[PDB]
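Scroll down for the structure; my scribbles are underneath it.
What follows draws every value from the coordinates through simple rules; no lab data is involved. Every residue, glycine among them, receives a Cβ derived from its backbone with ideal geometry; neighbour counts consider all protein chains shown.
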Protein chains: 4
Amino acid sequence: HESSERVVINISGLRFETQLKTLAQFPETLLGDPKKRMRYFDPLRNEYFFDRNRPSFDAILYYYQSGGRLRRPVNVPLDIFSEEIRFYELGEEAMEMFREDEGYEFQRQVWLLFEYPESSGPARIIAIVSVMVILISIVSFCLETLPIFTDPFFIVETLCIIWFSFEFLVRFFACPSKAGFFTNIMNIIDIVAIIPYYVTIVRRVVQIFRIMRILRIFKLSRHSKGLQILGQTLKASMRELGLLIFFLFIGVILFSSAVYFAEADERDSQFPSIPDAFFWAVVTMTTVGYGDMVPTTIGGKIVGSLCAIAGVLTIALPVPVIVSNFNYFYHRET
Amino acid sequence: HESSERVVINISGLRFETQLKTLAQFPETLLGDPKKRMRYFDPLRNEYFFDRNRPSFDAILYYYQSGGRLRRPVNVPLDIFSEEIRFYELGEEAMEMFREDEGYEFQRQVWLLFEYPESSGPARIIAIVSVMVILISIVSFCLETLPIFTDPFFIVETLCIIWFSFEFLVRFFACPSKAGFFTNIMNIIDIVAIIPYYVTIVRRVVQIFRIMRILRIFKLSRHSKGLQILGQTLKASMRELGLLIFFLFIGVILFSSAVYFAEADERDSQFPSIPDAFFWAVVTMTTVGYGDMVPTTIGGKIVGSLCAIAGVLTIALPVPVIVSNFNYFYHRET
Amino acid sequence: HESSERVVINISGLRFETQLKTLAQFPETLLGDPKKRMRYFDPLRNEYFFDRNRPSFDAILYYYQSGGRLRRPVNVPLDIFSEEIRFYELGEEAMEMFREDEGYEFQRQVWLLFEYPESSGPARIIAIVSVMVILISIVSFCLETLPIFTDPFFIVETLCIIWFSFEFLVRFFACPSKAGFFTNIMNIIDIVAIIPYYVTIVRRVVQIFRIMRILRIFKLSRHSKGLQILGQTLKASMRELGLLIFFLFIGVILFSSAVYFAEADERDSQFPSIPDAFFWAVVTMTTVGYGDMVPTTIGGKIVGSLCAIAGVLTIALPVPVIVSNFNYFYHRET
Amino acid sequence: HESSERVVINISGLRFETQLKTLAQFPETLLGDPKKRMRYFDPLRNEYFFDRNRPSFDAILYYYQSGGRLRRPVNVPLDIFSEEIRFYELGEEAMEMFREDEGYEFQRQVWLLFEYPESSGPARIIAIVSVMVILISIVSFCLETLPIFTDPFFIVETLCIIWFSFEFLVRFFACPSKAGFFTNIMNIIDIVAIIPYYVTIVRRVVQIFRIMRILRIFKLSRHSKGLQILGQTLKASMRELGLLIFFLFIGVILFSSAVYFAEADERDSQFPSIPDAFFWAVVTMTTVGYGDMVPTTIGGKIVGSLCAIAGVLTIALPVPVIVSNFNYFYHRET
Ligand SMILES: [K+]
Ligand SMILES: [K+]
Ligand SMILES: [K+]
Ligand SMILES: [K+]
Ligand SMILES: [K+]
Ligand SMILES: [K+]
């Protein structure tokens, strides 16, 4: 009991040696409780024997020596080291920190088919129809603006919205906490996909509410794991995502002004002002190269060359970070 | 014999210590059979001595302690650790699991030249002619549609098909299991490369059977290891491959609608409907930028800028996974 | 005292053994000073006991054996090994080398708000206005060249420069070493952003001083960490950065000459000389593909194909080095 | 002497134990020669003591046990393990294998200035003029074809060739082995840069010898390390380099035929034949997108979309291998 008396721990032939005050620091563990560890004592050698994994005990003993630092060694498998922590009984408060450091009736029945579709057969069949109603609604939306086009795009627009409403209503009543119902951004999409039609019953407003009829494409996120992974990626990459927008903003203003002063004293110049040369810089840095406007002078072609070179660089800098973020959520979701 | 009696195993000076019940778990092995291991016993120290590799034995002893877990340590070479498993005689059922976890007359003679061309000299010379008959058949197919063009493209089309038939026939008779003949997708290609001509002896059909005269290019897979590696890559990447198609599908419908509502109240607008703006989104996200259609309004250029930015991102996310899959099959095929 | 007498050091059960002349090499350390280490001596075993980390001591003892080589083992955490060096008292001259090898009143008050804006609340509020004066100055600069345009772009140009001057003046007087004031390239930008206007109070000069009114965009580097990281990246990548320019220079002259001699005997040729075909090679290698000029002959299309293939290769060679350099400064700045 | 007698080797407290027949296998080494190792024997413990590196000896002892396998451990530094091999005296034949497995008067004076320019000051000054004569020769070559142009491009063409000849002549006489003079591909370039002019003192020949006046750009490889690294990269990447050309060849014929049969029954079709649609596939897969020809039909735009998608994939597969090959030669040349 905190007395500098020395204790020898033998792990499958690997000899460990520490003070009793070090093990008495955590009395709830195996080596810390004199009653739990005595089952492993060897009175012929004055040591405790364990017929278990050897590379793991380095961190187990150091967990006592450091006072709580539980770090898996770089050569010990994750499943093996985690099973050793449960044997020596380090505790759930210590096991949780190891996982954090490692990176880790009638109402309930109708709630399963309209939320967890893998719960049963008929629960997943509804997910098929809930997808067909999205694809048909997307198809009908694009075929409205066709130059060719009772009103045959109102039978479908209203048949695609009786599902969008009847399905949204059940999820609002079969839900437990109505106050935490709006935290899930996946149901605000279900609302923004019913706001336009139900409010259509100043020209700027009728146009924008027609735009909000394009967010329905996000309703596929409920039935697509890939869109979910994409959402978590951008949400965790806002720094390098906005960093790309900022590096473009500097490159646009820089190279739009550079091509303007090199293509300003020309009758055949296509750069009348700096803002007009903005789109040229964006399509040149992104290597899109529409061809709707291209420099003609010597200095204009020099700026155009450096605009394409600096474009592929300033874009490829924050891309691998976003790609690595995506591969994390994608490989983890298995 | 399962009796808690302790056993000391000395590996080139590294001392290991376990119970006899642990080694008696696998009596067919070296340390498990009392007759096999006694040749290594030292009665002066009461231990078994082995003058072999030291870093490997950590996993060898743990294979007994865990009950079958055979995992090579991260610092032991693959060839060295595999040669240790054969010494201690863990077994073929255990060696196979280690390889799985590590990622690993007259009829027969004519079958070698027309299947395994590296079997001999004349067997590989036929592979040269079997390639020249593919290149000439591909050349003749493209020169048919030339605006310039008994019928001189029937002498070659039929001379290139007497090989395609005579060679396909021998592979059908010199083959053992005729029932498993169609499992190899490499011979269905040999059939789809004879279906059109032999069936040409409703306008929609004559056109499509003319298309099926383009799958002959896949007959090069028999003589090209690179095409084989490409086939295994796509076959193992269907998830991220289709995930790219889906992320494009969302980006197309999203940005085609965005540019349409920004380029709809314009006499000089080139976006009459959403479907017409589909191709613009694909060539902009892929940075192809044909220039056949480009926005003119302010909001149209804003959507065009974000369409090129979101294009290089949503494409570069599943690409490294496909590239890594390709490097696996390519480096392994050595 | 340099006498070959042997010393046994026991680290938590791991036995180490060395000569006394090896530890007496560094008398200022723990194991080197007989008075410091005697507190850990065990007269029953004739050894020094330490109840500390075991994987770290390999390098600690080798620091004595090699004569100063202090290299952290590949399996020991950086924070753990650094805390061991301070226990054994290797010294600050040795700790500094370990960090290098690891990769690591009234005047003062007004100097905080105009240099270290995170010092207080009002110090950071000025950084907001110091950014708004940059954005408005950039906006006003681009709206000058608009084809539409007492003089309303002089009220803003002079209101944006009273801040650019009043703020630059305080940083010159609240600065300690006026001689080392110009070493910081971030203040030469503050000067080049006041040189044009204050000197406007040979046509080639009035034009270039109008260009120098575009370097103001760099004044955002004071309030943007991302621009700072970009500056350090290019400054540390000048080799592979200029290596890209050189590989392009070879590819331009190579493929411009190749397309010229293939598109010289043509009435409809768009390549009258080698220099005119320079811009075509740059936009083709960078995959920009404006379309302002494209080959027509067979050999011209062959050169164009190889120009696009060799373009994506010669560009993607020095890019990952620049990307890796960027990820270093970006992840380190946390 | 091959007698199973056991030998204990103590490395700084780490105990090793082997048979004498194992060490007697290599009598020329330290532990193998009884006269060399006796200087380290301890008659009080019957063991050989060494006050040296501990992680290295695992492979040193296994070099005897395996019979010649000398593999550095994954945790031992390269410089430390190499210095241990020289202490135990394993031999030069064994040290060379370790390096291979690790990846590793008047005539002589004039030969230094014209081959090894870093030998002295005046030797490197000539390299500056030898570069200026290349840049001027390249500049003069491109300014010949200018539409504006005793003959002022013969004074420079001949002044740039008196250096190209006088410098080539000295390297041929100040060279030792004239038979191995043509093995260095860097001097065949010096010959192909003198072949045209000296042979100009059938129209197809005068044109091609005018082309061979473009290989002079390769004379910069003598004064540019980057071009040397690029040469070694392509020379070691011919597999994945030609693999890219082959994957393009399949994609060209595949997608050129696909767009043709979808754009053949159209008065406004721009694809009259398969070969004419070749260039469209190359510029679409490489995302160049000139815009000189673009599909119009529905199926043509479908093929165009898949041609751009399959383009960025089939190109990005063998690129990282070429990039990794380049980073090897580039980082090694330091
Ligand atoms: K392009
Ligand atoms: K274009
Ligand atoms: K591009
Ligand atoms: K383009
Ligand atoms: K165009
Ligand atoms: K055009």
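Structure above, values below:
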{"item": "Checking residue C:280 against (1) surrounded by 22 or more Cβ atoms within 10 Å (Cβ to Cβ); (2) over 17 Å from residue A:306 (Cα atoms), the condition it does not meet", "result": "(2)"}
{"item": "Count - residues of region A:262-292 that are closer than 22 Å to residue B:270 by Cα, among the hydrophobic types (A, V, I, L, M, F, W, C) and within 16 Å of ligand 4 (Cβ to nearest atom)", "result": "6"}
{"item": "Among the candidates D:47, D:28, residue that is over 20 Å from residue C:66 (Cβ atoms), more than 14 Å from chain C (Cβ to nearest Cβ) and either of a type in the set (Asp, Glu) or surrounded by 17 or more Cβ atoms within 10 Å (Cβ to Cβ) (or both)", "result": "D:28"}
{"item": "Filter result (within 14 Å of another protein chain (Cβ to nearest Cβ) and surrounded by fewer than 14 Cβ atoms within 10 Å (Cβ to Cβ)) within region B:84-99", "result": "B:87"}
{"item": "Yes/no for residue D:229 being assigned to a helix (DSSP H, G or I) and in contact with an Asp or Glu (Cβ under 7 Å, 6 or more places away or on another chain)", "result": "yes"}
{"item": "The lone exception for residue A:220 - which of (1) of a type outside the set (S, T, N, Q); (2) within 26 Å of residue B:283 (Cα to Cα); (3) part of a loop (DSSP other than H, G, I, E, B) it fails", "result": "(3)"}
{"item": "Wholly enclosed helices (runs of 4 or more DSSP H) of region A:234-334 bearing at least 1 residues polar (S, T, N, Q), more than 16 Å from ligand 3 (Cβ to nearest atom) and within 10 Å of chain C (Cβ to nearest Cβ)", "result": "A:238-262, A:319-332"}
{"item": "Region C:264-290 residues that are under 12 Å from residue C:251 (Cβ atoms), paired with ones that are among the β-branched types (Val, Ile, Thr) and within 16 Å of ligand 2 (Cβ to nearest atom) (beta carbon under 7 Å, 6 or more apart)", "result": "C:284/D:288; C:286/A:287"}
{"item": "Residue check for residue A:81: closer than 20 Å to residue B:61 by Cβ, buried (at least 19 other Cβ atoms within 10 Å of the Cβ) and within 14 Å of chain B (Cβ to nearest Cβ)", "result": "yes"}
{"item": "Residue A:259 vs. criteria within 19 Å of residue C:288 (Cα to Cα) and within 16 Å of ligand 4 (Cβ to nearest atom)", "result": "no"}
{"item": "Of the criteria (1) touching a strand residue (DSSP E or B) at 6+ places or on another chain (Cβ under 7 Å); (2) within 23 Å of residue D:49 (Cα to Cα), which one residue C:51 fails", "result": "(2)"}
{"item": "Every residue from region B:156-168 that is aliphatic (A, V, I, L, M) and either surrounded by 12 or more Cβ atoms within 10 Å (Cβ to Cβ) or part of a loop (DSSP other than H, G, I, E, B) (or both)", "result": "B:156, B:159, B:161"}
{"item": "Positions within region B:32-43 being surrounded by fewer than 19 Cβ atoms within 10 Å (Cβ to Cβ) and either more than 10 Å from every other protein chain (Cβ to nearest Cβ) or hydroxyl-bearing (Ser, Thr, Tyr) (or both), in sequence order", "result": "B:33, B:34, B:35, B:36, B:37, B:38, B:39, B:40, B:41, B:43"}
{"item": "Matching residues, region D:279-318, being within 16 Å of ligand 6 (Cβ to nearest atom) and among the small types (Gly, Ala, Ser)", "result": "D:289, D:291"}
{"item": "Residue in region B:27-35 that is in contact with a helix residue (DSSP H, G or I) (Cβ under 9 Å, 6 or more places away or on another chain), part of a helix (DSSP H, G or I) and hydroxyl-bearing (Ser, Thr, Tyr) present", "result": "no"}
{"item": "Residue in region A:50-78 that is surrounded by the most Cβ atoms within 10 Å (Cβ to Cβ), counting only those that are away from chain B (no Cβ under 12 Å) and in contact with a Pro (Cβ under 8 Å, 6 or more places away or on another chain)", "result": "A:58"}
{"item": "Tally of residues being charged (D, E, K, R), touching a helix residue (DSSP H, G or I) at 6+ places or on another chain (Cβ under 8 Å) and farther than 17 Å from residue B:78 by Cβ across region D:61-91", "result": "3"}
{"item": "Hey, residue C:178 surrounded by fewer than 16 Cβ atoms within 10 Å (Cβ to Cβ) and under 24 Å from residue A:243 (Cα atoms) or not", "result": "no"}
{"item": "Matching residues, region B:86-100, being among the acidic types (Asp, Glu), under 17 Å from residue B:33 (Cβ atoms) and in a helix (DSSP H, G or I)", "result": "B:92, B:93"}
{"item": "Qualifying residue in region B:212-224 (condition: over 25 Å from the mean Cα position of the chain (by Cα) and surrounded by 13 or more Cβ atoms within 10 Å (Cβ to Cβ))", "result": "yes"}
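The rows are residues; the columns are (1) surrounded by 17 or more Cβ atoms within 10 Å (Cβ to Cβ); (2) closer than 17 Å to residue D:307 by Cα.
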residue	(1), (2)
B:288	yes, yes
B:295	yes, no
B:299	no, no
B:316	yes, yes
B:320	yes, no
B:324	no, no
B:334	no, no
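To keep it simple, each residue is scored yes or no on (1) closer than 19 Å to residue C:117 by Cα; (2) touching a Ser or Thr at 6+ places or on another chain (Cβ under 6 Å).
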{"position": "C:145", "(1), (2)": "no, yes"}
{"position": "C:150", "(1), (2)": "no, no"}
{"position": "C:174", "(1), (2)": "yes, no"}
{"position": "C:222", "(1), (2)": "yes, no"}
